[PDB]
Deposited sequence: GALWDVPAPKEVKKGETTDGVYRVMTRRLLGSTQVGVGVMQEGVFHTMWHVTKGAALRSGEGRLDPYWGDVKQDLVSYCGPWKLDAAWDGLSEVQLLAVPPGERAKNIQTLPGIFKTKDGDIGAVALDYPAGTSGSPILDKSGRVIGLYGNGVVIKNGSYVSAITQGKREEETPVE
């Protein structure tokens, strides 16, 4: 239940993704878990909110992350790759231009087990999650939910 970034593992064992614990709620991408329940030691986390189109899911409570890229500043991907210590990768986002407005995007390509890793602003706030994007090389949207 501690705040932080977490590996999402499956059973040998395999890392399928990453997520963010904040304010008692676990946040990850829908395609990582498909809404399955999660074990946390002896405890169980059940899905609470999910949306395939946003590709997000929250456990134990509603989506809590609400910070947004400012459109100008560099950000940091807090990547947690399989088999590797959590590490920060700083970048200037590009932009996904859509009929419903612009979304930040990071042109960084890490293993699929890294999906769900948080993208941070300089204040340390999570502005979205890494791992839903397009191929031009892979480019990931900065995917943020609604609080």
- Message: Checking coverage: what stretches of the deposited chain sequence are missing C-alpha positions?
- Response: 1-16, 28-30, 156-158, 170-176
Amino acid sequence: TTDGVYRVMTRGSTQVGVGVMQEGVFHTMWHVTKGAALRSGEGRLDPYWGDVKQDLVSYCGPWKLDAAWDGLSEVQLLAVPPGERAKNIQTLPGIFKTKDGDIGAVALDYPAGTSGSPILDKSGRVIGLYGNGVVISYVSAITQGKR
From here on, numbers count along this sequence of modelled residues.
- Message: So, looking at the entry's B-factor column for Cα atoms, which has the higher mean, 94-102 or 61-69?
- Response: 94-102
- Message: Per the record, averaged over C-alpha atoms, which has the higher B-factor: 12-20 or 125-133?
- Response: 12-20
- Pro82's Cα B-factor: lowest, middle or highest third of the chain? middle
- Chain thirds of CA B-factor: placement of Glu42: highest
- Query: Taking the C-alpha B-factors as the PDB entry records them, is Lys53 in the lowest, middle or highest third of its chain?
  - Reply: middle
- Item | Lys34 CA temperature factor, ranked by third within the chain | highest
